[PDB]
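Only one structure is covered here, and it is reproduced in the block below.
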Amino acid sequence: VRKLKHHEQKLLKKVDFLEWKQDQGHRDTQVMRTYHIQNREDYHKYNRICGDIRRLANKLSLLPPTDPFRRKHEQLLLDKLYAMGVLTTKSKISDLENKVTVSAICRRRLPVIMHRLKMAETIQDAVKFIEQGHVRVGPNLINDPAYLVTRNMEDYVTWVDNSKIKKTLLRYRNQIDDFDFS
Amino acid sequence: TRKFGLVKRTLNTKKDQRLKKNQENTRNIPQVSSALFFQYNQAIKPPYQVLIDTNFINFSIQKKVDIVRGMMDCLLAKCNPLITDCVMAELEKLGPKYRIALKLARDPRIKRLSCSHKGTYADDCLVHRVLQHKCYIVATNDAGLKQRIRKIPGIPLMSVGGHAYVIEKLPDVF
Amino acid sequence: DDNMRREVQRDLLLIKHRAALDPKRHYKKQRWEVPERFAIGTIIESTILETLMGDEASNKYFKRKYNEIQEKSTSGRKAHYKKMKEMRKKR
Amino acid sequence: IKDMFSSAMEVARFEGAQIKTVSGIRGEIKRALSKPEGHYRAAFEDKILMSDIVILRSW
Amino acid sequence: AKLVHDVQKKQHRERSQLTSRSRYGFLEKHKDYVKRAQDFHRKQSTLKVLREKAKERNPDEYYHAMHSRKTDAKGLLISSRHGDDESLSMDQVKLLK
Amino acid sequence: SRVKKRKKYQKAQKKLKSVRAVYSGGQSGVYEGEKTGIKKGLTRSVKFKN
Amino acid sequence: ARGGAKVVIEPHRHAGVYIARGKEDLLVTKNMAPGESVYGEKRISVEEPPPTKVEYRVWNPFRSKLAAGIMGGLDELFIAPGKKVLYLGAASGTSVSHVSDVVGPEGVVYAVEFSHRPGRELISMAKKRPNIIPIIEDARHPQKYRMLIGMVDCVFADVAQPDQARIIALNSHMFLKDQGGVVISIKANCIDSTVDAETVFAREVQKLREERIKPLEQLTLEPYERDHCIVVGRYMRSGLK
Amino acid sequence: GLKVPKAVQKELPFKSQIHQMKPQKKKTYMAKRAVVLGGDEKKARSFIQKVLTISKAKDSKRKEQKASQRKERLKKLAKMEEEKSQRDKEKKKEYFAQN
Amino acid sequence: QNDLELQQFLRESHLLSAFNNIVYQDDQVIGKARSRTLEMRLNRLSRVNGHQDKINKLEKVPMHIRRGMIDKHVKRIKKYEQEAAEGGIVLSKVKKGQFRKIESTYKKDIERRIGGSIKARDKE
RNA sequence: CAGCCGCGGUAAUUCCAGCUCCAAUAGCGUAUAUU
Ligand SMILES: [Zn+2]
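Listed below in structure tokens is the structure:
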């Protein structure tokens, strides 16, 4: 579309082919670009899970404050989300509405975990290294980039053995032992 | 062979020029006037030229001070009172309660002065005249315009106080 | 060309740094950079480096100021440290 | 520290005293050294220098 | 100085190192001690940061520049003096000779 | 007091030259140039606003 | 700056103007006719590639009000290479030669001068500089040379008369294009010796606004000149507002 | 200068590793080959070095003097800010008594 | 008047009536009644030391939508007052500019969108 | 926060050289009242 003239813009104020109100600012596309999300529906599945969390938090808030049921369930939810890694802290109840985002879940995906662990320089590099078969979480090889890492499961995200990446880093430090297969 | 990390091409709202927000995307230090000493305007001399503001006329009428005669008594010198187009337009917008002020502004001893700006805002118009040329004396009783003229160096300020006009920042008036 | 900039690059330094050529002459604050296009001319009624080295009083001033800067730069350093530590060994 | 005192008995009367450096570094007399007699051990809040002078203020 | 005599503001002169202690050098004061102590504290703070980084290093980190960089037998990084190569081909060597 | 007024006037006359450009008469000798240089990026013209 | 001294010539922000850098900076223009001096000014010879000699001329700000303005820091000089300039008040043509140098071979300078004896010098200079057209005629009556001048890009006015505002208006209404530039040199003593210079400049600017020239910028030519002003403005025939 | 221990240097992360060149012991062919002019070129090298040294020293001197001046006038403006703030504090209480 | 829970119950008697369809105590009240009563108490506490512009700011609504909502609400208020005047029924006095609070106001939560009065006419 | 008080020394010591700057000037401050 060419640039509208002045008299045309007044008659065509609402016209926009690229930004619609139902797009919600292309927040989904922004988040997928930040965390290299490949599947299109991943943001919306994550958003539905966040919506369940926020709906439950709203109901617990509408419960009376000095309710043992309310306090127990809010602490249960805070502990569960913190253990998964979605919540950075357990201090505030209000984080169950303010700090539950899609990006918070996407920061627990495997390439973001590797990039934070300095295993890969970019999230896209981490994605490619995952699909190329270099990454194991424990004994198990993970070639799915969408795999979500728990706080406990962070400690076993490591390079697979016989990896050219692992041999390269050992050879850089001059600590490569070929008996160990490197 | 296929590339790795394949993603679907979508709209990059940060960097697409078709969007309006991305579509939107020498040094000048003015010289100090040669009419001025450090705070003293030395080029100014009679006959002075007095840019009148609307409330100056209104307070002149309330205190029954003649405009030309009162200015001549205040300055002890001949003066040229100038009313700009925006000042006369403000007096005309003031309505039917101020037709006496309108007529006393229409008095032919007051010389008119054309304006080539949009809208009718006497404060910015007079301040722009002042910031350009140092030959004017600003007559006003508005507090904000008084503060602006006091911040501008080398510009005399006239006001209606009590029985007659009072001058300020003109060293010649003794 | 690159060769032209190589052969005139000192003349373009004595103009970039002309504020340190005469103690009595002072200039306006200009962060002059070598332009992408220029030319070398001669005034009609020897380069600047050759004239400045031919002037002898300027050479004396440059040498004196350089020696003062050398004193300021070397004061308190390794030579001072060794002389201070040698004063202890001497007794 | 040396030259402040002449014997370990003199040190032992003044043990626990505030001392300070001409630089301004504060310290404490801690114990009397066995040999030689007038010397003592002191603890300061920072490392001091061999150019320093230790002073004890009395009246 | 509203109510201070100019004799109240006299200069108190600095004392020097003793002539028996002149072998040790200059007598420090608070102004010299502050420089010495500030220098030590800056050095110790950056050394603490470096020790913390060395402790919290991940063995499994990978960089593409690991292919370029080399480590000597002592375990330290080799930094080329001239490299930004070092070796000349025979074709270059013949022309230069 | 006259001497102090004299030296105050000399100080103010020296300061005014640093504040703004001051007419000192026309050139008498041949044109040597600008002894302080020429700036092409600096504009001293006071600009009209509306 | 003496003979044989080396300088570095670099372009100015204004097109067609250059700076010679050395121990002392110079404003220079490229000589249309190399090997001649109009008024005994210093000239700079640059060898440029066979190499052909190219010569530049020093623009004296004490001698030329346009050079005084450029050195004092004007923002917009409408005089540019390739443009048609109407010079009013040409006189002997000292600044006219530099205007010719700035507009270059593609440009045209219509230099209007009234007196015949400086007009002889202007005609003689027009031989060496083919882009200068001498108009030996009163600038107060522009209807006489309307067959000679057609549709200039800029109007420069160096004339010192009490009615220079009417002179500029009469020439701009005929020959100046819409959205064109007007550069005016104002001498307060020649306009009105009674009132002060600030009053004179204010009245002249207001007269331009009446005659539909919008003043863009204002400059006083110190230390080169006393009570001299340059007004640069745009001829907005449609409307100043 | 700061001396980092070689154990810490050995264990530093990849981004944080220190680049420390070694001195060269042997003359290289390029070092033997390199041609160094003399006479007027040597005098030009001396002249340029002295000029650049004086330029850098003068710039450093001017920056230090400007730093002292701005520190003093910043202290003056701090005092002016405190007195203006106190006056406005008094004025606000004096106004709100009327309103 | 110094007593608190009595004045609070009197002030919030309309919200409890609207949403409890007593459970006035804070340890019993649940749901929308709890949310709106907490909002009322917090707004009342913030009113005295908060600047009114930053305290009460309406939800953003398009002009035609908000004007239509105000017109329909004013029709409801005028109808209610007209029937309570025909069948002679005493009503609480309301200020000249402010809207009258009714059951539709409390249920619909219209006060957030249209405000207590018209600020422009109040300023004029 | 302050500092005429330091360790010796009063013919004893030549030291921020008498620390720098501002304004009025044979005049120039303070207190209280008052426009
Ligand atoms: Zn106006």
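Protein chains in written order, with the authors' numbering: chain A, 2 to 183; chain B, 7 to 31, 41 to 189; chain C, 110 to 154, 171 to 216; chain D, 948 to 1006; chain E, 2 to 85, 88 to 100; chain F, 561 to 610; chain G, 80 to 128, 135 to 326; chain H, 1066 to 1164; chain I, 150 to 170, 195 to 297.
Even for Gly, the Cβ is constructed at its ideal location relative to N, Cα and C.
* Use the C-beta contact count for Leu91(B): other C-beta atoms within 10 angstroms, 16 or more gives buried, fewer gives exposed. => Flag for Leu91(B) reads exposed.
* If the cut is a Cβ gap below 8 Å, which residues of chain F does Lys137(C) touch? -> Under the 8 Å cutoff, chain F gives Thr596, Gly597 and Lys599.
* Asked: If you measure beta-carbon to beta-carbon, which residues of the segment 19 to 35 of chain E are closer than 8 Å to chain D?
  -> Here the close residues are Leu19, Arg22, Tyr25, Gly26, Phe27, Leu28, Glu29, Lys30, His31, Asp33 and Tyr34.
* Asked: From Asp277(G) to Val285(G), what distance separates their C-alpha atoms?
  -> Between the C-alpha atoms of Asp277(G) and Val285(G) there is a straight-line separation of about 7 Å.
* Through-space distance from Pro60(E) to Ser46(E), alpha-carbon basis -> The alpha-carbon atoms of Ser46(E) and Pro60(E) are separated by roughly 25 Å.
* Checking contacts by CB at 8 Å: is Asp282(I) closer than that to chain A? -> The Cβ of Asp282(I) sits no closer than 8 Å to any Cβ of chain A.
* Asked: Should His148(B) be counted as a contact of ligand 1 given a C-beta to heavy atom distance under 7 Å?
  -> Not one heavy atom of ligand 1 sits closer than 7 Å to the Cβ of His148(B).
* Counting pairs of Cβ atoms below 8 Å between the segment 93 to 102 of chain B and the segment 59 to 77 of chain B, do you hit three or more? -> Verdict: yes, contact present.
* Asked: In angstroms, rounded to a whole number, what distance separates the CA positions of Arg189(C) and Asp180(C)?
  -> When only Cα atoms are considered, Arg189(C) and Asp180(C) end up about 15 Å apart.
* To do: For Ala282(G), verify whether its CB is less than 7 Å away from any heavy atom of ligand 1.
  => Within 7 Å of the C-beta of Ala282(G) there is not a single heavy atom belonging to ligand 1.
* When you get a sec, list the residues whose CB is within less than 6 Å of any heavy atom of ligand 1, chain order please. => Screening all residues for a C-beta within a distance smaller than 6 Å of any heavy atom in ligand 1 leaves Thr99(B), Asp100(B), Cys101(B), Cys130(B), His132(B) and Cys140(B), in chain order.
* Asked: residue 328(G) bridges to which residues according to DSSP?
  -> Lying before the first or after the last residue shown, residue 328(G) is absent from chain G, which here runs from 80 to 326.
* Asked: Hey, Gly593(F) and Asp104(G) are a contact pair by Cβ (cut 8 Å); roughly how many whole angstroms apart?
  -> Indeed, because the Cβ distance is near 6 Å, the residues count as touching under 8 Å.
* Asked: Looking at the structure shown, is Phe272(I) part of a helix, part of a strand, or coil, going by DSSP?
  -> When DSSP states are grouped into helix, strand and coil, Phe272(I) belongs to the coil group.
* Determine whether the Cβ of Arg216(C) lies closer than 8 Å to any Cβ atom of chain F. => Contact of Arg216(C) with chain F is not assigned, every C-beta pair being separated by 8 Å or more.
* Residue(s) in a DSSP beta bridge with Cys239(G) -> Note: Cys239(G) sits in a beta bridge opposite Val170(G) and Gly266(G).
* Residue-chain proximity (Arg70(E), chain A), Cβ-Cβ < 8 Å -> Yes, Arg70(E) counts as interfacial toward chain A.
* To do: Pull up the distance between the alpha-carbon of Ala121(A) and that of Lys1080(H), whole angstroms please.
  => For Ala121(A) and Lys1080(H), the distance between alpha carbons rounds to 13 Å.
* Asked: Under the three-state reduction of DSSP, which class applies to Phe70(A): helix, strand or coil?
  -> In this structure, DSSP gives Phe70(A) a helical state, which the three-state scheme calls helix.
* **Start-to-end residues for the alpha helix (DSSP H) that takes in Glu295(G)** => Per DSSP, the unbroken alpha helix (DSSP H) holding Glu295(G) starts and ends at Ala282 to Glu295.
* Can you tell which of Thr179(G), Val87(G), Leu293(G) and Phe241(G) has the C-alpha that lies nearest to the C-alpha of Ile173(C)? -> Nearest C-alpha to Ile173(C) among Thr179(G), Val87(G), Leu293(G) and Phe241(G): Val87(G).
* Beta-carbon proximity list for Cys89(B), same chain, < 6 Å, skipping 5 on both sides -> Sequence-distant Cβ neighbours of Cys89(B) in its own chain, meaning closer than 6 Å and more than five residues away, are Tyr180 and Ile182.
* Take every Cβ of the segment 173 to 188 of chain G, pair it with every Cβ of the segment 106 to 126 of chain G, and state whether three or more of those distances are shorter than 8 Å. => Verdict: yes, contact present.
* Asked: Count the other CB atoms within 10 Å of the CB of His313(G); is the residue buried (16 or more) or exposed (fewer)?
  -> With a threshold of 16 other beta carbon atoms within 10 Å, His313(G) meets it and is buried.
* State the DSSP-derived secondary structure class of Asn28(B), mapped to helix, strand or coil. => In the structure shown, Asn28(B) sits in a helix (DSSP, three-state: H, G or I).
* Jot down the residue ranges of each uninterrupted alpha helix (DSSP H) in the segment 94 to 157 of chain A, minimum 4 residues, whole runs only, in chain order. => Taking only runs of at least 4 residues, the alpha helix (DSSP H) segments lying wholly in the segment 94 to 157 of chain A are 96 to 99, 103 to 107, 111 to 117 and 124 to 132.
* To do: Determine contact between the segment 139 to 148 of chain B and the segment 108 to 121 of chain B, defined as no fewer than three beta-carbon pairs at a distance below 8 Å.
  => Because the criterion of three Cβ pairs below 8 Å is not met, the segment 139 to 148 of chain B and the segment 108 to 121 of chain B do not touch.
* Which residues in the same chain as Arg122(G) place their Cβ atom closer than 8 Å to its Cβ, once the five residues preceding and following it in sequence are excluded? -> Within the same chain, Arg122(G) has close Cβ partners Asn110, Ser116, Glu140, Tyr141, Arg142 and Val143.
* Asked: Three-state secondary structure (DSSP) at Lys949(D)?
  -> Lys949(D) falls in the coil class under three-state DSSP.
* For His132(B), which three-state DSSP category applies? -> Coil.
* Just mark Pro146(G) as buried or exposed, buried being the case when its beta carbon has 16 or more other beta carbons within 10 Å. => That one is buried.
* Asked: So what does DSSP say about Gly318(G), is it helix, strand or coil?
  -> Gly318(G): strand per DSSP, three-state reduction.
* Report all residues from its chain with a CB closer than 6 Å to the CB of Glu296(G); omit the five preceding and five following residues, and keep chain order. => Excluding residues within five positions, the ones whose Cβ falls inside 6 Å are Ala254.
* Asked: Taking contact to mean at least 3 C-beta pairs separated by less than 8 Å, is the segment 157 to 173 of chain B in contact with the segment 1095 to 1111 of chain H?
  -> Not touching, per the Cβ criterion.
* Member of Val161(A), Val138(A) and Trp160(A) whose CA lies at the smallest distance from the CA of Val150(A) -> The shortest CA-to-CA distance from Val150(A) to any of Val161(A), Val138(A) and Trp160(A) is the one to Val138(A).
* Asked: In chain F, which residues lie with their C-beta within 9 Å of the C-beta of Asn43(B)?
  -> Near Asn43(B) (Cβ distances below 9 Å), the residues of chain F are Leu602, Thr603, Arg604, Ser605, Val606 and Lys607.
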